[PDB]
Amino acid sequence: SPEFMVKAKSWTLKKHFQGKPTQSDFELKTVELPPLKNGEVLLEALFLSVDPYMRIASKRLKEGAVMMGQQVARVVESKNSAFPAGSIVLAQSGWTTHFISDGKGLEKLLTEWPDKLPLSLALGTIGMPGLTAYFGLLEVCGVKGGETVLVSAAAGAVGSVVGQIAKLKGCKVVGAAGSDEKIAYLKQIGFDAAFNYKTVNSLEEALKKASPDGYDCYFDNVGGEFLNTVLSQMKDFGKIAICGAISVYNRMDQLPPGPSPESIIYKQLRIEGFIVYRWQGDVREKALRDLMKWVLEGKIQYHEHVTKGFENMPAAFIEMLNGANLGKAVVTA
C-alpha cells in the first residue's frame, strides 16, 4: 500500500560542444517519476557507460535533452512479466539514475553470468566495445593466424580486446597508446610491441621498429594524422578496419590533411568502415559467448577505469576523451 516517490536525476546537454567538451556544457536535472503502468518497469542504474561516440551523437541532440548512452540497471519494480523485479538489464536509457521502460529497447544480460565477473563488463569487454573489437578484427580485417596487427587506442576498451583476441588467434600485435603506464599495461597483457604515440621521435620509425615487414591489418580507432602515417607501413593488399577516428572528434569541421593516394594505390589497400550493429542474432550471441569464454579462460584480461558517482559522469566522459582511462570507462551510480 505505501507509495514512495522515486527521484530520477539526469545529465542534460546544456550547450553543444565546442572543441573539447567541458563541465559547463552539462546540466544536472531531477524529475519525480510517475507511477508504473501495466507492462512497464522501473529501472535503477548500477553502472553507466561513457563512450567516444557520444561526442558525435551529441550534435544531433537538442540543447536541454538528456545525454544518450547505455547502462546496466536493476529492475526495482516491475509490471512486465518478461523483466521481473531484481533482474539485470542493459538499457539505452541515457545518462540517468532511474528510468521507466515498457521493455522495448531492453536487453537481458548473457544467461549464466558468473558471479566473479562484474556486471559492468556487459558494457565493455563482454559488451558493445568487445563486440566491436571481435567483428572488426575477425570479420573486417579477417585475420586467420600469423598476421601482424596494429591497433591504435590500444589500452582502451575496444583496443585492449582487439590485441588480446589477435594474440589468442596466433597473430603478432603492435599497440599504440598515449601514456607510459598504458604501454606497460599492454606488454603485461600480451602485446608483442607497444609505443607511446605522444613521445615518439618519429611515428614512422616507431612503426618500422615494431614491425619491420609491415602490417597485414590496421584496426583504426583514431584516424587523422596517425592513420596517414600507417598507410606507408601497410603490406601490399593490407586491410584497414575503420572503427573510429577519435583524433578528429573535436574538430569535425577542420579535418586534417588526408591520406596519400600513393600508398593506397601502389600498395592496393582495402579500407572499410563498420558499425558493431551490422552483426545481430545468433552471430552476435556467439560472439558474446566467445568473449565470455575467453575471459573465463584467462585469454582476455580486463581492467575498468571506474569513476564513482553519477554526479561525476560528465567528468568521466571528458577525461575518457582526453585519455585518462586505462580500459573501459565506467561510472558507478
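The first residue of the sequence shown is number 1, and the count goes up from there.
Tell me whether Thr22 turns out to be unmodelled in at least a third of the other entries of this protein, restricted to those that model residues on both sides. Across the compared entries, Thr22 is modelled every time.
Among the other PDB entries compared that flank it on both sides, is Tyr249 unmodelled in a third or more? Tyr249: unmodelled in a third or more of the comparison entries.
Please work out which of 86-94 and 120-128 has the higher mean CA B-factor as recorded in the PDB entry. Comparing averages over the C-alpha atoms only gives 86-94.
Should the higher mean CA B-factor in the entry be assigned to 273-281 or to 58-66? In the deposited entry, the stretch with the higher C-alpha B-factor mean is 58-66.
Top residue by Cα temperature factor, when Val72, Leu227, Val143, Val158 are compared in the entry: Across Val72, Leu227, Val143, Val158, the entry lists the biggest C-alpha B-factor for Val143.
Taking the Cα B-factors listed in the entry, which of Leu36, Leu46, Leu288, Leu296 comes out highest? By C-alpha B-factor in the record, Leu36 ranks first.
Ordered by C-alpha B-factor within the chain, which third holds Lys172? Give me lowest, middle or highest, please. Middle third - that is where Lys172 ends up once the chain's C-alpha B-factors are sorted.
Chain thirds of CA B-factor: placement of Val248: Middle third by C-alpha B-factor.
Ranking every modelled residue in this chain by its Cα temperature factor as given in the entry, which third contains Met5? Highest third.
If you rank every modelled residue in this chain by C-alpha B factor, which third holds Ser78: lowest, middle or highest? For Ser78, the deposited C-alpha B-factor lands in the middle third.
Quick one: classify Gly214 as lowest, middle or highest third of the chain based on its Cα B-factor. For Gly214, the deposited C-alpha B-factor lands in the highest third.
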